[PDB]
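Protein chains in written order, with the deposited numbering: chain A, -7 to 25, 30 to 363, 373 to 593; chain B, -1 to 362, 373 to 592. Comments concern the structure below.
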Amino acid sequence: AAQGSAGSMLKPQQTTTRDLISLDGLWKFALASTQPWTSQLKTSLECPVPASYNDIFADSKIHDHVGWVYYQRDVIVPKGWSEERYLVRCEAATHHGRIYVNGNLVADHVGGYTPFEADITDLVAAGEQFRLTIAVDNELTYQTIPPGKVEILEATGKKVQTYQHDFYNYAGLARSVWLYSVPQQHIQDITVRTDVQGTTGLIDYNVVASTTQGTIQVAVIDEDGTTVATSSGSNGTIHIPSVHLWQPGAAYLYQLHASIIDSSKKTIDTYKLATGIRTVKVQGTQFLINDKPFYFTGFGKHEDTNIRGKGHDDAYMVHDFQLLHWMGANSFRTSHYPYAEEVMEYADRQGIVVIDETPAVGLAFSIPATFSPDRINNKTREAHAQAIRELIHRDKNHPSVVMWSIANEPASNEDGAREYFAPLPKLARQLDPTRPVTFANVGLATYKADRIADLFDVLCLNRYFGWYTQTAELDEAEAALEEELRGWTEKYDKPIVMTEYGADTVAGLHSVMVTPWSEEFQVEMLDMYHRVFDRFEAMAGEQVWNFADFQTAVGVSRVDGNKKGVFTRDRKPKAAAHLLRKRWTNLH
Amino acid sequence: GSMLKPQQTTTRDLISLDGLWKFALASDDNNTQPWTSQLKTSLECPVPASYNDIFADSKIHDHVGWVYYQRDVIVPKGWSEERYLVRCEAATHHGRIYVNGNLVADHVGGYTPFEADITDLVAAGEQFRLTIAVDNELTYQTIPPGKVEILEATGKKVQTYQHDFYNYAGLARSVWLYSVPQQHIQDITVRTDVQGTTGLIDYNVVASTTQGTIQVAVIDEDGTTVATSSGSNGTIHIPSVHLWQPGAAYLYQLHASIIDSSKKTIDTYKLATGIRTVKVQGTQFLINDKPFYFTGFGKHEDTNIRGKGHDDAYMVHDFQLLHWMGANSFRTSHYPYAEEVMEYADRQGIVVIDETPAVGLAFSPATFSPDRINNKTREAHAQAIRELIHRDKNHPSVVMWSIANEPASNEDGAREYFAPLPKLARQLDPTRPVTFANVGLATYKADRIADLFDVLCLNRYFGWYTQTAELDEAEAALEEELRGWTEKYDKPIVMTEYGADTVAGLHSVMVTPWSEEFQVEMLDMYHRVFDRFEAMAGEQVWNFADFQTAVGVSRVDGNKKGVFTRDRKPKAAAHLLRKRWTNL
């Protein structure tokens, strides 16, 4: 883990040449008390892996814990492995993960939403058994990339985790853990850039191999199963005659088979990696996927379900996606962190557009000046960029991912904000020149007051007039909102997307009168917002906040988390769901 | 400018005017004087109610300013030779009575009576058009204070105010036409003392003219008269009296009649009294010379459609729910409630803290100045004390006056403002201790009003605001404050309010606010701490039931701190309370 760079490999898969093993299951679990990774574990406490631990146990001490926790289990390297290089991966640690093989530290990793792994091949032998213990610290600071500070309670002395975001600070191994193998000479990375000449579809590729052994073949197969182009070399471009384009309601995916042939006509490594072929351009006030203009519809979302909290779930993913299709949503935004990788591949097959967001949420203090040597400084920017790299490295390939979101609701109206943010969108366009760049702008940072927006390609606005400013005054709110829309459309020649608009709603709370927290009120606000968007020709999309009720930090104005959900936390449609379905399916 | 609650006797008659009145709100027509014509509305608004929620119409509910209630009234033929008048039990804040286009009263209290002798305005046996104008506007000088403002873009009028509950306007309490004899009784006063086993009472009647003589009978609950007296006032002993006790209501009836030259009764009034004494000595609240502990709630006049409007059934049920859960008391939160509730409490043996309508004397800008709350405001504040005490002085159930809720008792000006007020109270009624409900910020250090009051009423919400979801931490900050007060003042302390919001049906096994469980845990841990402080005089949970409030992003369709739901269903805390309050 180095400054200015990203060292993950490709998403482990199984092949004729590589082997894959799941470490998911229950693991022994305990709380920081000393040096637990040097002996076995002493607990009847077992925690499921793909999951956040906080809610799992029905224990207050555990849920409330500030610091490190310890997952542990034994592992056996299959005896079939020697002559194969093998290693241990975490798709994500809560925030700060550490990997111990038997009681030597083998990896330390600061991102909370991106993979990390350790090559253990010289460290254990094929056929041998070791003690995998993984340490996850949930502590946020001013330098950690969702920012925060631990404090202490004057009377009881209890440790307490402050932060500036909405959603609860769920910790642990939220994403699958793996033990896999790769041949000594292997493909480590692949870069795919899809473009279109007339009707001919060309993808520039780039394959990275552990050594300089043999050569690099690439077959490119269609959905039916018949290869449609081939190539040699670590890099080039591939021509596809009469391409089936990946379309935002009509996913087409070709399968790029990268192989590492040895001296002779023999395959020694291979890797299957799906791409779809699509361009993304912003021209002025317009968002083009495949040179036709596009309008987002959908939600910012969360990784949040009932007991597992943030832990990725196969069936909620599929269900969630069906609800999107049910209502004719075409996109969503990975809200305030990168989601599980498997959600991105699913999004690709599913033909859903994604706004991929770094875990930079709450870069402000006004939910004290936020950009200084105290709160958000240069060491913080360093971590912010560190996170931009790992996200892009990981996600660069998904045709569904369509624009990077640098941050949520940063204090972009304050002195200091511009210096801070300047290198970040520039980093993004550099590492990946194919997609546009944005961040979701807060209400305070008005068109006048914001000093960041010009550095970005698309304008993403979060607004809540009918909620905060004009509380229940929908007409006075329609005033405020078009005031603001005008301001942006006049000052800038970018396209605009409402990334956040909504109102807390308690399922079953009804009222014939104007009343916030009533299914009815939610409808009305949503509806008048829509009416306003349609009168602005500069709008390029709309994302309700949020998909579904979700858990947040304890708070008096938070009714057991955030209820701005259009669906309940158990995924049941409020009235708003049906409004959105009616608008999204019945017009363009 | 009031008089005893109208009642039917052998010499007084009494008509209810409740029912559907033609209702219309003031627009800016040519018709600037609507009270001198038929109303253009085809809306009928029920009277005992209050209008906002009634019509399912926003413009009505949202309205800032005047509305008009109107109906025809027939003064009975037999009323002549008799003196009759039109009373309003209450309005919204500002009420004006018009009798055939004629302005006949204008009254600025929001929750007390006003009336008009109309004997010379309408002929007995004749019909007249009665129209009542009620204005809902608060100002820096109305007793709940607040300002009206204009929404910049749309232009819509809006009413700001400082207090929790919604600003329901209208004729929230009954309207009457009633008869009284030319030479009638106007006011009575009763003061009950206990002298060993014997109960004594000092009656003071004020009739219209001074001819004939005043006579008084005192009848027990069984029909048998038990002491007699003569004279516009004197003092009565009652051998082995039956005491009105907080567990066991007992109400003697006092018949005060106005005898004439002969042996005939020209006028007469039935007035229930219970015999009972209230003394605060040291940290102790003694009812009939034994230590007492308030259990119960702050309540609200708030039900579903009628809003603030008095309701017989919800009244009876509410009390039945106090009995169900072993409550013994309550506080007329942030306004005197309807007269009949106080009467009912008497019959019910329920103890009452009578509060004025003075909330939201607090702007957290400097709140006590020639801008926000000045002398003029303080005039109106003293007026409400006058009218509250004048109306309610007699009730054995009323046991303390509460001058105001949650004023900024910690800011400059606070002291000069309040000084005269409790003095006023004790002057108007020596028989009861005086208080106000202390806000959180006004700590035992910061507060500069408290020494001037008999009992200390506080309403701490740490586990809610301060140590939000940190009950162990809140426990400490709580006992810290209680040491402070009990260390600093030699008076009884009553948690006037306390508790957390809760959504019925919302559940959790861990520490999560807005779950039924969290409420039980907060309420509980407070009781643990109350039981450790010997200075404590009572606990009143903050709230009997959920009630509507001013619209807010932090208020889920009102306040949900209620121990029951708005339709009066038990939350988890109701049962916790019932368990504690019945059993020890």
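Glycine residues also receive a C-beta, built at the ideal position from the N, C-alpha and C atoms.
Beta strand (DSSP E) segment containing residue i, residue limits
i	result
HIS253 of chain A	250 to 257
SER410 of chain A	406 to 413
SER56 of chain B	No beta strand (DSSP E) holds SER56 of chain B; the alpha helix (DSSP H) holding it covers 56 to 60.
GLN157 of chain A	155 to 159
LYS145 of chain A	144 to 148
Residue from the options whose Cα sits closest to the Cα of residue i
i	options	result
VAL216 of chain B	B:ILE273, B:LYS262, B:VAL178 and B:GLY168	B:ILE273
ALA412 of chain A	A:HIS240, A:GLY570, A:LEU466 and A:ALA247	A:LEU466
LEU15 of chain B	B:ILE52, B:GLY168 and B:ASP70	B:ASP70
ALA(-6) of chain A	A:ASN567, A:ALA388 and A:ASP539	A:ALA388
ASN591 of chain B	B:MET323, B:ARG576 and B:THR190	B:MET323
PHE470 of chain B	B:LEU490, B:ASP455, B:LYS453 and B:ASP459	B:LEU490
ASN567 of chain A	A:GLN346, A:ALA445, A:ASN551 and A:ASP575	A:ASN551
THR271 of chain B	B:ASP287, B:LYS288, B:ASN286 and B:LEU249	B:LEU249
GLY93 of chain B	B:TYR164, B:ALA151, B:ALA254 and B:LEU169	B:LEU169
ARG380 of chain A	A:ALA47, A:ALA122, A:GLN139 and A:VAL517	A:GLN139
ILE130 of chain A	A:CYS86, A:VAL214, A:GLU414 and A:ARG536	A:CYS86
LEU436 of chain A	A:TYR166, A:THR207, A:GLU42 and A:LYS401	A:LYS401
residue 364 of chain B	B:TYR342, B:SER327, B:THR330 and B:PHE328	No atoms are given for residue 364 of chain B, which sits in the stretch of chain B between 362 and 373 that the model skips.
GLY232 of chain A	A:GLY492, A:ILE186 and A:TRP522	A:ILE186
Rounded straight-line distance, which links the Cα of residue j to that of residue i
i	j	result
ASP316 of chain B	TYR109 of chain B	20 angstroms
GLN279 of chain A	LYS499 of chain A	8 angstroms
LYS261 of chain B	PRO378 of chain B	59 angstroms
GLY210 of chain A	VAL178 of chain A	16 angstroms
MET530 of chain A	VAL357 of chain A	25 angstroms
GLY448 of chain B	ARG434 of chain B	26 angstroms
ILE58 of chain B	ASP51 of chain B	8 angstroms
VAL519 of chain A	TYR159 of chain B	19 angstroms
residue 367 of chain A	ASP200 of chain A	The residue list of chain A ends a segment at 363 and starts the next at 373, so residue 367 of chain A has no coordinates to report.
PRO32 of chain B	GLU299 of chain B	30 angstroms
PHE426 of chain A	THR196 of chain A	38 angstroms
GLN157 of chain A	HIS61 of chain A	9 angstroms
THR476 of chain A	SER516 of chain B	30 angstroms
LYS155 of chain B	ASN383 of chain B	27 angstroms
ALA121 of chain A	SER238 of chain A	50 angstroms
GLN193 of chain B	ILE234 of chain B	12 angstroms
Residue i: first and last residue of the uninterrupted alpha helix (DSSP H) it sits in
i	result
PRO521 of chain A	First-last for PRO521 of chain A: undefined, no H or E at that position.
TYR425 of chain A	422 to 426
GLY492 of chain B	479 to 496
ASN591 of chain B	580 to 591
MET313 of chain B	310 to 323
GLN346 of chain B	337 to 346
Chain E within 7 angstroms of residue i, Cβ atoms only
i	result
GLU147 of chain A	Checking the listed chains, one finds no chain E in this structure; the protein chains it contains are A and B.
- [ ] For the region 509 to 542 of chain A, enumerate the residues whose C-beta is nearer than 8 angstroms to any C-beta of chain B, in chain order.
- [x] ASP509, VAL511, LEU514, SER516, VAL517, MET518, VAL519, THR520, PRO521, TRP522 and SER523
- [ ] State whether the region 135 to 155 of chain B contacts the region 71 to 87 of chain B, with contact taken as three or more CB pairs (one from each stretch) at a distance under 8 angstroms.
- [x] no
Task: Positions along the region 115 to 126 of chain B whose CB lies within less than 9 angstroms of some CB in chain A - done: Residues of the region 115 to 126 of chain B that bring their beta carbon within less than 9 angstroms of a beta carbon in chain A are absent altogether.
TODO: Taking a Cβ distance cut-off of 7 angstroms, strictly less, list which residues of the region 187 to 201 of chain B are near chain A, in chain order.
DONE: none
- [ ] Note down, in chain order, all residues in the region 54 to 85 of chain B with a beta-carbon under 7 angstroms from any beta-carbon belonging to chain A.
- [x] Against chain A - using a Cβ distance shorter than 7 angstroms - the residues of the region 54 to 85 of chain B are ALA54, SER56 and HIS59.
Task: Interfacial residues, the region 552 to 563 of chain B to chain A, with Cβ spacing under 9 angstroms - done: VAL559, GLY560, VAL561, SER562 and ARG563
- [ ] Could you list the residues in the region 275 to 302 of chain B with a C-beta less than 8 angstroms from some C-beta on chain A, going in chain order?
- [x] none
Open item on the list: Taking 8 angstroms as the cut-off, does the region 182 to 200 of chain A touch the region 2 to 10 of chain A (at least 3 CB pairs, one atom from each stretch)?
Closed with: yes
Open item on the list: Can you pull out the residues from the region 564 to 581 of chain B whose beta carbon lies closer than 8 angstroms to at least one beta carbon of chain A?
Closed with: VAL564 and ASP565: these are the residues of the region 564 to 581 of chain B whose beta carbon lies less than 8 angstroms from some beta carbon of chain A, given in chain order.
- [ ] Could you say if the region 105 to 119 of chain A and the region 318 to 325 of chain A meet the contact criterion of at least three C-beta pairs nearer than 8 angstroms?
- [x] no
Task: Selection of the region 463 to 477 of chain B by Cβ proximity to chain A, strictly under 8 angstroms - done: Cβ contacts with chain A come from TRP472, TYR473, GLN475, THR476 and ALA477.
Task: Contact list for the region 143 to 170 of chain A against chain B, Cβ threshold 9 angstroms - done: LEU149, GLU150, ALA151, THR152, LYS154 and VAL156
- [ ] Check whether the region 239 to 246 of chain B touches the region 573 to 591 of chain A, taking contact to mean three or more Cβ pairs, one atom from each stretch, closer than 8 angstroms.
- [x] Put simply, the region 239 to 246 of chain B does not touch the region 573 to 591 of chain A. Fewer than three CB pairs are less than 8 angstroms apart.
Task: Residues, ordered as in the chain, of the region 478 to 489 of chain B that lie near chain A by beta-carbon distance below 7 angstroms - done: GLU478, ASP480, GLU481, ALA484 and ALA485
Task: the region 345 to 359 of chain B / the region 406 to 422 of chain B touching (three or more Cβ pairs under 8 angstroms) - done: Yes, they touch.
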